[PDB]
């Protein structure tokens, strides 16, 4: 057993032995081939505090990035959460207009171990971005929005916090919705537009809008991008009056309809969530939004609501580091940093539209 031998040598070189004069014995090594976050279990007579003093050295000796070291079942077992030293992903990756894909509908959200995370909205039509305050889960949505705007999409932005998350500059490129009445009128219009698009597809014998657009020289349907800054603002009906609750009941239905039926019509939903709750990230939403982008959560319950797994509690504490899920994949990636002050240039969008 080569690996066991290598570790024994690395610890012997450090004279890293317990009160029994024994180097740590390797017990388990559970590896995640998607996130590249391993779980390394050891049995030693060495206190956890000595292991933590050796973090810098142990990283170089074992050639791993240590995320955490913690005590297990007994004060004789330690668990190391780590990534291999050869599993390099940047800790900082700024956005560059060079990452924009020429293929209409394709977006790039960041970098994984080998290459970029690309989402084809013609295949995976909706994106859910989950993350706590200061994670950068909204930076991802504005990045996606930028790329789609650069490809000539029509945009709608939903933020009931008076549109702070999308100021005056965003209003030059699209409609910023800040009230429940405007959201109800918007979502009703979106369900109706979607229904008109479906009948165009059925009538013309087209599989998607791309095919329909080939058939009609001057009647081209544009991709509609809808950015919902906070899903809970639409889904939580508590503490509102009878009238407002009924408006939110109806918006919940329009959103369900859109997520389910807007697949080949080019009407994409990019939803932000801060607090994973099954009353917000509903069975209907989860079943119809294939892409999940997830920041680090301390509670495995929060991660299970978003990803149907506990991997988001294992993420490194690096700002911009996220998990990407599409079907069977739960992949670690460093999101591009889309800085509004440097990167959101509204006049480039207005020039390209002609």
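Positions refer to the first chain, counted from 1.
For the pair 14-22 and 338-346, the record assigns the higher mean C-alpha temperature factor to 14-22. Judged by mean Cα B factor in the deposited record, 217-225 ranks above the other of 168-176 and 217-225. Of the candidates 126, 91, 123, 196, the one whose C-alpha carries the top B factor in the deposited record is 91. The residue among 323, 55, 298, 291 whose C-alpha carries the highest B-factor in the deposited model is 298. Ranked within its chain, residue 110 lands in the lowest third, by CA B factor from the PDB record.
In this PDB entry, residue 283 carries a Cα temperature factor that places it within the highest third of its chain's modelled residues. Looking at the C-alpha B-factors along this chain, the one for residue 236 belongs to the middle third. Among the modelled residues of its chain, residue 277 has a C-alpha B-factor that falls in the highest third, as given in the PDB entry.
In this PDB entry, the Cα temperature factor of residue 102 sits in the top third of its chain's modelled residues, the highest group.
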